[PDB]
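Asker: Have a look at the structure that comes next, please.
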Number of protein chains: 2
Amino acid sequence: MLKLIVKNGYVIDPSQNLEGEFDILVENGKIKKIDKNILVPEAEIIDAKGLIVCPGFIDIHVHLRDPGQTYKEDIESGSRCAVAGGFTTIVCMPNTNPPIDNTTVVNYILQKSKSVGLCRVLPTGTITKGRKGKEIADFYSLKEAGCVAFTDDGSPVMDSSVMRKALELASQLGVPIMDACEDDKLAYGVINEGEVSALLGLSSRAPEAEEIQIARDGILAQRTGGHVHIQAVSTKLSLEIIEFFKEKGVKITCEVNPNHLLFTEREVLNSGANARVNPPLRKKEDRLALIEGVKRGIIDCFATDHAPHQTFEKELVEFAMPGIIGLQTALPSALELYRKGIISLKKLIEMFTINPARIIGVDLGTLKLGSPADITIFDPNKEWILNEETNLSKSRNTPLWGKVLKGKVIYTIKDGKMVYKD
Amino acid sequence: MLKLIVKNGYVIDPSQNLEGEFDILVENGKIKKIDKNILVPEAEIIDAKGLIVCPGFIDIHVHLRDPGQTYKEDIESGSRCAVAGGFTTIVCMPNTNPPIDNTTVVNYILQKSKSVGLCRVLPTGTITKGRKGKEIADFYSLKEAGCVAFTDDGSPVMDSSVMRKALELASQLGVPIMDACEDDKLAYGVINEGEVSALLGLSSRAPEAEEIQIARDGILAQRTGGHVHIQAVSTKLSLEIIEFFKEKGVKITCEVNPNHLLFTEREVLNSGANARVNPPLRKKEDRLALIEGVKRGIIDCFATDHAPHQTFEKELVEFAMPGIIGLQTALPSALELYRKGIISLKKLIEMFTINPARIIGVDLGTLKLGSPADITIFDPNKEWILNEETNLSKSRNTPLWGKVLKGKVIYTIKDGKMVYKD
Ligand SMILES: O=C1C[C@@H](C(=O)O)NC(=O)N1
Ligand SMILES: O=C1C[C@@H](C(=O)O)NC(=O)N1
Ligand SMILES: [Zn+2]
Ligand SMILES: [Zn+2]
């Protein structure tokens with residue numbers, strides 16, 4: 001590995017308004033040149049003919065379950081999922097055990113991720129000590145150790161001064177707060193407060209629980225000057241509120257879990273506990289609004305909230321752990337919107353690359369000369385099935401289990417090294 | 001009293017798009033006819049020549065301090081203030097002692113107000129038992145006894161399900177929630193979080209405390225179908241948020257304390273503790289936004305939050321009770337906006353009459369044929385001073401104490417009976 005060439009693919013680099021049939025030369029893990037028919041003496045070649053070539057995808061919302069819940073997933077299994085899904089960078093959430101609220105846990109993750117060596121794993125810290133919601137965590141030490149953001153995911157912050165103080169201390173450090181928006185007085189049940197909760201009598205989680213905290217966060221972001229990133233947006237009103245603050249110049253970004261683009265609460269009737277997730281799958285009108293928010297640029301990126309749980313944690317809905325895996329299914333799920341002509345291919349790539357890069361302030365999601373050779377190569381049309389043959393997660397918890405997907409990664413490249421191939 | 005005629009005044013009844021020089025005939029406490037030069041055998045006459053004749057003003061935010069704090073004010077002293085200020089109807093707040101959370105306190109107030117016999121006093125109930133914020137109050141019994149709305153004024157409701165449940169049970173009964181919007185984690189100091197708190201080191205109350213709860217209430221109103229009325233709006237962002245929900249068809253109304261139209265936090269430096277109020281007086285930009293919200297119809301009515309406290313409760317700002325009296329000063333204060341050409345005279349009257357009537361769902365604030373003869377007659381140009389000679393409150397707590405006011409009530413009429421004259 002001095003020299004690599006990605007030949008004959010259809011390159012798309014939205015960060016540079018760059019697209020067409022170009023080759024890419026990689027030198028020492030870095031992007032060296034992008035040009036028609038490049039040829040160099042003694043080069044590694046991967047042939048991308050008929051395929052899409054773009055920056056490595058970045059997922060800013062992943063649960064690696066490591067430390068403490070490694071029977072669900074661990075840094076290795078999650079990293080394999082990531083790269084098999086086209087991700088060269090993932091941000092891991094801090095609801096591990098022990099939680100990421102000290103530099104020992106950060107370092108453990110960084111070192112283990114280096115040993116695994118497939119994608120870049122960027123840790124976040126908790127907003128509060130122990131994620132108990134009471135006292136701000138040591139942002140200064142956690143950022144210095146490598147945390148890129150603070151969240152209490154998957155717990156909301158209930159005290160408004162705690163959230164304000166988080167935003168103040170984080171912005172002072174130049175990093176965002178990622179907020180898990182669900183007021184715990186209005187969201188302590190198991191599924192959406194809609195038709196399915198009404199029909200079955202399952203306890204519910206009110207859409208206002210999410211909306212009220214998003215509105216709170218926009219106001220706090222506005223008044224503190226901090227940047228708040230809203231995780232897994234799930235309702236129409238939510239998007240309206242976000243846009244209202246974006247219109248004012250507030251540093252508020254957001255993401256959508258592709259599952260919320262594909263499924264409604266009705267999925268609880270078809271997939272049972274594999275449709276239990278926080279925030280819940282909500283109504284048709286919400287699903288369609290989300291797609292509209294993707295189209296209109298209100299939703300800044302796709303992020304999986306890859307949240308693996310074992311099958312015995314996905315039995316009776318009432319007792320089931322919330323969450324859906326998604327790293328391996330993000331791309332075909334997104335490509336569904338491309339196929340319906342809702343978004344362009346460039347737009348889909350933006351949402352996986354440069355947009356998430358800008359949210360967390362990393363110079364990635366790009367094929368700019370001199371930048372790391374993180375490259376994803378994919379077939380928008382290749383069909384496959386997520387099943388035992390194909391699943392890289394330790395867990396299986398997704399309503400897309402066993403269903404036909406269209407769109408698939410052929411190559412994932414990280415610092416000029418092929419870390420995944422079909 | 002069979003027959004009364006209000007002669008030669010300039011009548012304005014915005015509810016009917018009615019204005020001009022007309023006489024008003026009153027028969028048995030009711031409006032009988034409105035016409036040019038009416039004359040009837042053996043009639044009482046009050047001459048309104050050169051004066052403005054309009055429906056009695058309604059103030060939907062008054063502290064009567066009765067029961068329990070009658071050294072501040074009582075039903076009698078507050079009613080005299082009301083009528084001297086042009087108000088034939090006031091809504092009293094439930095932060096009395098004991099608070100209005102049972103039908104005994106409601107009935108005491110209704111009966112005492114009947115005995116006093118000057119203006120109609122309409123009680124509200126608390127949102128929570130004891131106003132402690134934990135358990136919803138008995139709305140059903142309180143409404144049946146005569147309460148027209150529920151509020152925990154001057155305490156916010158901190159639990160979101162409590163507020164949601166209040167809105168649900170109130171809308172079921174057809175009555176609004178009036179919410180005192182100030183998140184207690186962000187508003188536990190004494191003055192605005194602005195220049196004056198920074199300069200002096202007085203504890204502060206963050207504008208976001210108000211904004212976050214208004215945003216919460218709009219969302220709750222939207223999702224429950226209830227009507228929420230936002231009390232004493234004080235910031236620019238607040239008005240933006242309200243308008244955002246009004247635009248969506250949400251039943252959300254609001255009011256402005258005229259003091260917030262006249263004064264900023266700087267008044268704490270000139271008037272000391274008589275400028276201590278919740279929500280606080282904020283910045284110039286907020287003051288001007290409020291005036292703009294009055295102009296653009298975002299603010300639905302004027303309401304005084306008449307909040308009397310004794311002089312010994314208005315000494316060192318840190319220990320002072322929050323609040324400003326305002327019933328006698330509301331009209332000249334409002335007329336300041338008329339004089340600057342910010343609002344028309346019709347608009348000023350709307351904000352004191354039909355708009356507050358519609359908020360609380362009473363058929364008042366009108367000179368419609370058959371309706372109660374509640375009539376206010378005033379001189380927009382008459383100068384006076386609020387001082388010992390002129391004050392009808394038991395308390396003196398207003399930065400307008402001793403200052404020249406322009407605009408003054410000459411007559412107040414309630415059910416055809418003259419209850420006040422200059
Ligand atoms: O907020 C969350 C956290 C997550 C998890 O399992 O970590 N699963 C979810 O469904 N929602
Ligand atoms: O919320 C409130 C209540 C009031 C009072 O004294 O009742 N005074 C105020 O200044 N704000
Ligand atoms: Zn998560
Ligand atoms: Zn009040």
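Identifiers for the structure tokens are assigned positionally: chains receive A, B, ... in sequence, residues are indexed from 1 per chain, and ligands are indexed from 1 in the order shown.
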If chain B is fitted onto chain A by least squares over all C-alpha atoms, taken pair by pair in sequence order, what do its new coordinates look like as a compact mmCIF listing (two decimals) with C-alpha atoms, in the first residue's frame?

Answerer:
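Contents of the output file superposed.txt:
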```
# COMPACT_ATOMS: atom_id res chain seq x y z
CA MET B 1 0.00 0.00 0.00
CA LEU B 2 1.76 3.03 -1.45
CA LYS B 3 -0.69 3.32 -4.40
CA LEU B 4 -4.31 2.36 -5.21
CA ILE B 5 -6.61 3.20 -8.14
CA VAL B 6 -10.41 3.02 -8.15
CA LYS B 7 -11.14 2.69 -11.89
CA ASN B 8 -14.15 3.20 -14.15
CA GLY B 9 -16.74 3.94 -11.46
CA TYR B 10 -19.30 6.72 -11.39
CA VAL B 11 -17.81 9.12 -8.83
CA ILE B 12 -20.05 11.44 -6.82
CA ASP B 13 -18.52 13.91 -4.36
CA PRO B 14 -21.21 16.42 -3.36
CA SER B 15 -18.84 18.35 -1.10
CA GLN B 16 -16.99 19.47 -4.27
CA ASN B 17 -19.98 19.50 -6.66
CA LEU B 18 -17.96 16.73 -8.35
CA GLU B 19 -19.53 13.99 -10.43
CA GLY B 20 -18.85 11.92 -13.52
CA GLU B 21 -16.86 8.87 -14.60
CA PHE B 22 -13.48 9.46 -12.99
CA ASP B 23 -10.72 7.30 -11.53
CA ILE B 24 -9.31 7.94 -8.06
CA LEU B 25 -5.64 7.59 -7.16
CA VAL B 26 -4.86 6.94 -3.51
CA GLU B 27 -1.39 7.50 -2.05
CA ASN B 28 -0.49 6.62 1.57
CA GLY B 29 -4.12 6.34 2.73
CA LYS B 30 -4.95 9.72 1.15
CA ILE B 31 -6.75 11.04 -1.96
CA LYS B 32 -4.01 12.05 -4.47
CA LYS B 33 -5.79 12.73 -7.81
CA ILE B 34 -9.23 12.40 -9.43
CA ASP B 35 -9.12 12.20 -13.24
CA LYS B 36 -10.09 10.32 -16.43
CA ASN B 37 -8.10 7.10 -17.04
CA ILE B 38 -5.26 7.37 -14.50
CA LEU B 39 -2.50 4.74 -14.81
CA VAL B 40 0.48 4.29 -12.48
CA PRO B 41 3.36 1.72 -12.28
CA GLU B 42 2.80 -1.11 -9.72
CA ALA B 43 -0.61 0.02 -8.43
CA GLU B 44 -3.33 -1.90 -6.68
CA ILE B 45 -6.51 -1.84 -8.77
CA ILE B 46 -10.13 -2.33 -7.84
CA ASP B 47 -12.51 -2.11 -10.75
CA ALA B 48 -15.58 -0.06 -10.07
CA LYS B 49 -17.06 -0.39 -13.51
CA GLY B 50 -20.86 -0.01 -13.39
CA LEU B 51 -20.74 1.05 -9.72
CA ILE B 52 -21.16 4.22 -7.67
CA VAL B 53 -18.04 5.64 -6.02
CA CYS B 54 -18.47 8.24 -3.21
CA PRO B 55 -16.96 9.21 0.18
CA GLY B 56 -17.24 6.66 2.96
CA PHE B 57 -20.56 6.97 4.79
CA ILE B 58 -20.57 8.39 8.32
CA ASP B 59 -23.27 7.26 10.81
CA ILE B 60 -23.46 9.62 13.76
CA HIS B 61 -25.81 7.38 15.77
CA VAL B 62 -24.70 3.80 16.55
CA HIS B 63 -24.99 1.55 19.60
CA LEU B 64 -21.95 -0.71 19.85
CA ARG B 65 -23.00 -2.16 23.25
CA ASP B 66 -19.36 -2.22 24.19
CA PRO B 67 -18.52 -2.22 27.08
CA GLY B 68 -21.08 -4.18 29.01
CA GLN B 69 -23.67 -5.61 26.65
CA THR B 70 -21.36 -7.39 24.17
CA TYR B 71 -23.75 -10.33 23.79
CA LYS B 72 -25.90 -7.80 21.80
CA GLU B 73 -23.04 -6.53 19.61
CA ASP B 74 -19.48 -5.34 20.30
CA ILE B 75 -16.97 -2.96 18.70
CA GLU B 76 -15.85 -5.74 16.32
CA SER B 77 -19.29 -6.96 15.25
CA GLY B 78 -20.65 -3.39 14.96
CA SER B 79 -17.59 -2.29 12.89
CA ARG B 80 -18.15 -5.20 10.49
CA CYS B 81 -21.78 -4.19 10.14
CA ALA B 82 -20.68 -0.62 9.62
CA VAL B 83 -18.23 -1.36 6.81
CA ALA B 84 -20.58 -3.97 5.22
CA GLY B 85 -23.13 -1.18 5.14
CA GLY B 86 -20.69 1.34 3.53
CA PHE B 87 -19.70 3.21 6.75
CA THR B 88 -16.04 4.13 7.30
CA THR B 89 -16.92 6.29 10.35
CA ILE B 90 -19.46 5.73 13.12
CA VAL B 91 -20.20 7.68 16.24
CA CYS B 92 -20.94 5.38 19.20
CA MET B 93 -23.50 6.30 21.86
CA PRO B 94 -22.56 6.45 25.53
CA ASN B 95 -25.29 4.25 27.05
CA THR B 96 -22.81 1.46 27.54
CA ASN B 97 -22.06 -0.21 30.84
CA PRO B 98 -20.20 1.45 32.30
CA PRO B 99 -21.49 4.53 30.44
CA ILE B 100 -19.00 6.80 28.60
CA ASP B 101 -18.75 9.44 31.37
CA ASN B 102 -15.03 9.09 32.01
CA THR B 103 -11.81 8.97 30.02
CA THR B 104 -11.15 5.29 30.81
CA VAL B 105 -14.22 4.20 28.92
CA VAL B 106 -13.39 6.58 26.03
CA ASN B 107 -9.86 5.20 25.82
CA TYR B 108 -10.99 1.59 26.02
CA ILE B 109 -13.28 2.18 23.03
CA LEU B 110 -10.63 4.12 21.03
CA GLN B 111 -7.99 1.46 21.63
CA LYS B 112 -10.33 -1.45 20.93
CA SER B 113 -11.51 0.21 17.73
CA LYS B 114 -7.91 0.73 16.61
CA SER B 115 -7.23 -3.00 17.26
CA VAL B 116 -10.32 -3.98 15.27
CA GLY B 117 -9.20 -1.64 12.45
CA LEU B 118 -12.22 -1.45 10.14
CA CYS B 119 -13.95 1.88 10.62
CA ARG B 120 -13.21 4.98 12.61
CA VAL B 121 -15.21 4.85 15.82
CA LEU B 122 -15.78 8.26 17.40
CA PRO B 123 -17.08 8.19 20.94
CA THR B 124 -19.53 10.55 22.53
CA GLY B 125 -19.77 11.28 26.20
CA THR B 126 -22.88 11.44 28.39
CA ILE B 127 -24.48 14.75 29.19
CA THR B 128 -24.79 13.75 32.85
CA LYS B 129 -22.75 11.70 35.33
CA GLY B 130 -23.82 8.05 35.14
CA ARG B 131 -26.42 9.29 32.61
CA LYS B 132 -28.62 9.74 35.72
CA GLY B 133 -29.72 13.19 34.55
CA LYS B 134 -28.63 15.15 37.62
CA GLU B 135 -25.11 16.50 37.25
CA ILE B 136 -23.29 17.59 34.08
CA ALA B 137 -20.49 15.21 33.09
CA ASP B 138 -16.86 16.27 32.77
CA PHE B 139 -17.05 17.62 29.20
CA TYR B 140 -13.63 19.08 29.29
CA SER B 141 -11.88 15.72 30.08
CA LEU B 142 -14.15 13.74 27.74
CA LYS B 143 -13.62 16.06 24.73
CA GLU B 144 -9.84 16.08 25.38
CA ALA B 145 -9.91 12.26 25.38
CA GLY B 146 -11.69 12.26 21.98
CA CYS B 147 -15.47 12.57 22.50
CA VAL B 148 -17.12 14.46 19.64
CA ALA B 149 -20.46 15.22 21.25
CA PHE B 150 -22.47 14.65 24.42
CA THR B 151 -25.80 12.89 24.71
CA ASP B 152 -27.72 11.06 27.43
CA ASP B 153 -29.19 8.74 24.73
CA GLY B 154 -31.37 6.89 25.15
CA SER B 155 -32.50 8.94 28.16
CA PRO B 156 -33.90 12.49 27.85
CA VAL B 157 -32.57 15.27 30.03
CA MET B 158 -35.53 16.35 32.13
CA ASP B 159 -34.15 19.34 33.94
CA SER B 160 -34.02 22.45 31.74
CA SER B 161 -30.99 24.00 33.48
CA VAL B 162 -29.12 20.76 33.09
CA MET B 163 -29.77 20.92 29.37
CA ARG B 164 -28.93 24.64 29.26
CA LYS B 165 -25.69 24.01 31.18
CA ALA B 166 -24.81 21.12 28.85
CA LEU B 167 -25.30 23.38 25.85
CA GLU B 168 -23.24 26.18 27.42
CA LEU B 169 -20.30 24.03 28.41
CA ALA B 170 -20.35 22.07 25.15
CA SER B 171 -20.45 25.17 22.93
CA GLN B 172 -17.62 26.64 24.95
CA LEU B 173 -15.70 23.53 23.85
CA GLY B 174 -16.95 23.71 20.28
CA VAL B 175 -18.91 20.45 20.34
CA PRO B 176 -22.60 19.71 19.91
CA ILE B 177 -25.20 18.23 22.19
CA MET B 178 -27.10 15.31 20.64
CA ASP B 179 -30.39 15.11 22.40
CA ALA B 180 -32.65 12.11 22.84
CA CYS B 181 -35.94 14.02 22.85
CA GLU B 182 -38.73 12.32 24.82
CA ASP B 183 -40.17 13.95 27.93
CA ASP B 184 -40.35 11.00 30.43
CA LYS B 185 -43.78 12.03 31.89
CA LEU B 186 -45.32 11.74 28.45
CA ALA B 187 -43.18 8.86 27.11
CA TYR B 188 -42.93 6.03 29.60
CA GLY B 189 -44.91 3.39 27.70
CA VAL B 190 -43.76 1.10 24.94
CA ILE B 191 -45.19 2.19 21.55
CA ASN B 192 -46.62 5.27 19.85
CA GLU B 193 -49.74 6.83 21.29
CA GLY B 194 -51.84 6.09 18.19
CA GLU B 195 -54.02 3.37 16.70
CA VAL B 196 -52.07 0.36 17.81
CA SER B 197 -51.78 1.47 21.46
CA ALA B 198 -55.52 2.18 21.43
CA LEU B 199 -56.39 -1.18 19.84
CA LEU B 200 -54.16 -3.37 22.00
CA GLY B 201 -53.88 -1.45 25.27
CA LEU B 202 -50.12 -1.27 25.19
CA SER B 203 -48.71 1.65 27.07
CA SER B 204 -47.82 4.52 24.80
CA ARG B 205 -45.36 7.35 24.22
CA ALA B 206 -46.92 10.64 23.22
CA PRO B 207 -45.60 12.48 20.18
CA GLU B 208 -45.60 15.67 22.31
CA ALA B 209 -42.92 14.12 24.50
CA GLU B 210 -40.58 14.45 21.53
CA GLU B 211 -41.95 17.76 20.25
CA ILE B 212 -41.78 19.50 23.62
CA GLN B 213 -38.11 18.63 24.06
CA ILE B 214 -37.18 19.55 20.50
CA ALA B 215 -38.87 22.93 21.03
CA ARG B 216 -37.05 23.31 24.35
CA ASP B 217 -33.72 22.43 22.69
CA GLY B 218 -34.19 24.93 19.83
CA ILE B 219 -34.89 27.67 22.36
CA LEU B 220 -31.89 26.63 24.47
CA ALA B 221 -29.67 26.43 21.40
CA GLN B 222 -30.89 29.87 20.37
CA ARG B 223 -30.21 31.52 23.70
CA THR B 224 -26.94 29.76 24.55
CA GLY B 225 -25.43 29.86 21.03
CA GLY B 226 -24.78 26.09 21.38
CA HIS B 227 -25.40 23.55 18.65
CA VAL B 228 -28.03 20.93 19.39
CA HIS B 229 -28.50 17.91 17.19
CA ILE B 230 -31.91 16.27 17.43
CA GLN B 231 -31.74 12.52 17.23
CA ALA B 232 -34.20 10.26 15.43
CA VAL B 233 -36.95 12.81 14.48
CA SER B 234 -40.29 11.05 14.15
CA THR B 235 -43.23 13.44 13.74
CA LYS B 236 -44.55 16.10 11.40
CA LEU B 237 -44.85 18.74 14.18
CA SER B 238 -41.24 17.97 15.15
CA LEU B 239 -40.02 18.88 11.68
CA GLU B 240 -42.12 22.02 11.69
CA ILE B 241 -40.51 23.11 14.96
CA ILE B 242 -36.98 22.35 13.75
CA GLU B 243 -37.54 24.35 10.55
CA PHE B 244 -38.91 27.24 12.62
CA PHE B 245 -35.57 27.39 14.52
CA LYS B 246 -33.42 26.75 11.40
CA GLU B 247 -35.22 29.71 9.77
CA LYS B 248 -33.93 31.92 12.65
CA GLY B 249 -30.27 30.91 12.20
CA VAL B 250 -30.20 28.66 15.29
CA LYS B 251 -27.56 25.93 15.30
CA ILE B 252 -30.00 23.02 15.34
CA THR B 253 -29.47 19.95 13.19
CA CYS B 254 -31.36 16.67 12.99
CA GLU B 255 -31.30 13.18 11.65
CA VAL B 256 -33.78 10.50 10.66
CA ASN B 257 -33.63 6.80 11.35
CA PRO B 258 -34.39 5.17 7.95
CA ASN B 259 -36.79 2.78 9.74
CA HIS B 260 -39.03 5.75 10.47
CA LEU B 261 -39.05 6.43 6.72
CA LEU B 262 -40.18 2.84 6.01
CA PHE B 263 -42.47 1.78 8.84
CA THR B 264 -45.40 3.12 10.88
CA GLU B 265 -46.86 1.92 14.24
CA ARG B 266 -48.78 -0.69 12.19
CA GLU B 267 -45.48 -2.59 11.95
CA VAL B 268 -45.94 -3.48 15.63
CA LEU B 269 -48.81 -5.70 14.38
CA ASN B 270 -46.62 -7.40 11.70
CA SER B 271 -43.17 -7.61 13.40
CA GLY B 272 -44.12 -7.45 17.10
CA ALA B 273 -41.25 -6.39 19.35
CA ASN B 274 -38.80 -5.87 16.42
CA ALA B 275 -40.90 -2.75 15.76
CA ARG B 276 -40.51 -1.55 19.37
CA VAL B 277 -38.23 1.49 19.22
CA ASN B 278 -37.78 4.92 20.96
CA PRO B 279 -39.01 7.23 19.58
CA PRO B 280 -41.75 4.86 18.34
CA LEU B 281 -42.85 4.30 14.78
CA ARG B 282 -45.75 6.67 14.44
CA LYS B 283 -48.45 7.35 11.82
CA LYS B 284 -48.61 7.44 7.99
CA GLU B 285 -48.85 11.23 8.08
CA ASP B 286 -45.64 11.31 10.14
CA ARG B 287 -43.84 8.84 7.88
CA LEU B 288 -44.75 10.95 4.82
CA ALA B 289 -43.77 14.20 6.57
CA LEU B 290 -40.38 12.67 7.35
CA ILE B 291 -39.86 11.85 3.67
CA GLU B 292 -40.93 15.39 2.84
CA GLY B 293 -38.42 16.71 5.44
CA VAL B 294 -35.72 14.69 3.71
CA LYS B 295 -36.77 16.12 0.32
CA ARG B 296 -36.92 19.76 1.57
CA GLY B 297 -33.57 19.63 3.41
CA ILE B 298 -35.03 19.96 6.90
CA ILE B 299 -33.55 16.61 7.95
CA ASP B 300 -29.77 17.06 7.72
CA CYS B 301 -28.67 13.43 7.59
CA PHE B 302 -29.57 9.76 7.84
CA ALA B 303 -28.35 8.06 10.98
CA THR B 304 -29.33 4.52 11.90
CA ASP B 305 -29.65 4.51 15.66
CA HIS B 306 -28.39 0.97 15.10
CA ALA B 307 -29.68 -0.51 18.33
CA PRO B 308 -29.13 -4.21 18.62
CA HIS B 309 -30.95 -6.38 21.17
CA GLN B 310 -31.11 -10.17 21.39
CA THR B 311 -34.18 -12.24 20.34
CA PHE B 312 -35.11 -13.00 23.94
CA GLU B 313 -35.22 -9.21 24.41
CA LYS B 314 -37.69 -9.02 21.52
CA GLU B 315 -40.56 -11.26 22.56
CA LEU B 316 -43.62 -9.70 24.27
CA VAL B 317 -43.76 -6.06 23.25
CA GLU B 318 -44.40 -4.94 26.83
CA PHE B 319 -41.11 -6.44 28.07
CA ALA B 320 -39.01 -5.91 24.94
CA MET B 321 -35.96 -3.68 24.78
CA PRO B 322 -36.55 -0.81 22.33
CA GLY B 323 -34.42 -0.57 19.16
CA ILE B 324 -33.79 -1.70 15.58
CA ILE B 325 -30.47 -2.63 13.92
CA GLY B 326 -29.80 -0.71 10.76
CA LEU B 327 -26.17 -0.29 9.72
CA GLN B 328 -26.43 -2.97 7.00
CA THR B 329 -29.85 -1.82 5.84
CA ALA B 330 -29.42 1.98 5.82
CA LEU B 331 -28.34 2.18 2.18
CA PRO B 332 -31.03 0.03 0.50
CA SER B 333 -33.56 1.71 2.81
CA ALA B 334 -32.44 5.18 1.68
CA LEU B 335 -32.33 3.97 -1.97
CA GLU B 336 -36.05 3.30 -1.80
CA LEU B 337 -36.46 7.13 -1.73
CA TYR B 338 -34.12 7.43 -4.72
CA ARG B 339 -36.15 4.82 -6.66
CA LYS B 340 -39.41 6.65 -6.04
CA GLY B 341 -37.75 9.83 -7.41
CA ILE B 342 -38.08 11.55 -4.04
CA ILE B 343 -34.37 12.38 -3.78
CA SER B 344 -31.48 12.39 -6.22
CA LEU B 345 -28.52 10.06 -5.84
CA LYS B 346 -26.30 13.08 -5.00
CA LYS B 347 -28.78 14.07 -2.25
CA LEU B 348 -28.80 10.50 -0.80
CA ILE B 349 -24.99 10.59 -0.68
CA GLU B 350 -24.97 14.07 0.91
CA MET B 351 -27.15 12.69 3.71
CA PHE B 352 -24.62 9.89 4.36
CA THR B 353 -21.40 11.84 3.90
CA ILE B 354 -20.80 15.57 3.96
CA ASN B 355 -23.92 16.46 6.00
CA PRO B 356 -23.09 14.12 8.94
CA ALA B 357 -19.43 15.19 8.69
CA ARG B 358 -20.41 18.84 9.14
CA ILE B 359 -22.69 18.07 12.08
CA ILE B 360 -19.83 16.58 14.15
CA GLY B 361 -17.18 18.94 12.72
CA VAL B 362 -14.88 16.33 11.19
CA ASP B 363 -13.10 16.75 7.86
CA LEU B 364 -14.49 13.57 6.30
CA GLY B 365 -17.41 12.75 3.96
CA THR B 366 -15.33 14.13 1.10
CA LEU B 367 -13.01 13.09 -1.73
CA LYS B 368 -11.07 16.38 -1.53
CA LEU B 369 -7.37 16.04 -2.46
CA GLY B 370 -5.24 15.28 0.64
CA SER B 371 -8.12 13.94 2.74
CA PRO B 372 -8.31 10.35 4.09
CA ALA B 373 -9.09 7.74 1.47
CA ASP B 374 -12.43 6.75 2.94
CA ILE B 375 -14.39 5.58 -0.07
CA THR B 376 -17.57 3.57 -0.51
CA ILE B 377 -18.41 1.73 -3.76
CA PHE B 378 -21.96 0.46 -4.27
CA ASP B 379 -24.52 -1.03 -6.64
CA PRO B 380 -27.87 0.84 -6.32
CA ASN B 381 -29.62 -2.11 -8.00
CA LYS B 382 -28.12 -5.25 -6.41
CA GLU B 383 -30.63 -7.40 -4.57
CA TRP B 384 -29.97 -9.29 -1.37
CA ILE B 385 -31.68 -10.53 1.77
CA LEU B 386 -30.75 -9.72 5.35
CA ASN B 387 -30.65 -13.18 7.01
CA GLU B 388 -28.30 -15.59 8.82
CA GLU B 389 -26.16 -15.88 5.68
CA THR B 390 -25.71 -12.14 5.39
CA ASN B 391 -26.13 -10.54 8.87
CA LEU B 392 -22.93 -9.28 10.56
CA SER B 393 -24.67 -8.06 13.68
CA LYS B 394 -24.79 -10.32 16.72
CA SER B 395 -28.48 -9.39 16.81
CA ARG B 396 -31.35 -9.74 14.33
CA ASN B 397 -33.82 -7.11 15.52
CA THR B 398 -35.23 -5.41 12.44
CA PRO B 399 -38.57 -5.66 10.62
CA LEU B 400 -36.44 -5.98 7.41
CA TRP B 401 -35.18 -9.36 8.59
CA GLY B 402 -35.64 -11.83 5.73
CA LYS B 403 -36.98 -9.26 3.28
CA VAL B 404 -35.56 -8.44 -0.16
CA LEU B 405 -33.35 -5.35 -0.24
CA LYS B 406 -32.15 -3.51 -3.35
CA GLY B 407 -28.90 -1.59 -3.15
CA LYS B 408 -25.71 -3.03 -1.76
CA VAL B 409 -22.13 -2.15 -0.97
CA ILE B 410 -19.50 -3.83 -3.16
CA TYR B 411 -16.43 -2.19 -1.62
CA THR B 412 -15.64 -0.20 1.50
CA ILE B 413 -12.25 1.54 1.67
CA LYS B 414 -10.76 3.12 4.81
CA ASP B 415 -7.49 5.04 4.63
CA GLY B 416 -6.76 3.47 1.23
CA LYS B 417 -7.24 -0.05 2.64
CA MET B 418 -10.05 -2.36 1.44
CA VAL B 419 -11.82 -3.23 4.72
CA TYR B 420 -14.93 -4.67 3.12
CA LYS B 421 -15.92 -6.38 -0.14
CA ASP B 422 -19.09 -8.09 -1.38
```

Asker: Per DSSP on the backbone, filter region 103-250 of chain A down to the residues in alpha helix (DSSP H) and report them as a PyMOL selection string.

Answerer: chain A and resi 103-116+139-145+160-172+195-200+207-224+236-247

Asker: Taking only region 11-140 of chain B into account, list the residues labelled strand (DSSP E) by DSSP (computed from the backbone), as a ChimeraX atom specification.

Answerer: /B:11-13,18-21,23-27,30-35,44-47,52-55,57-62,87-92,120-123
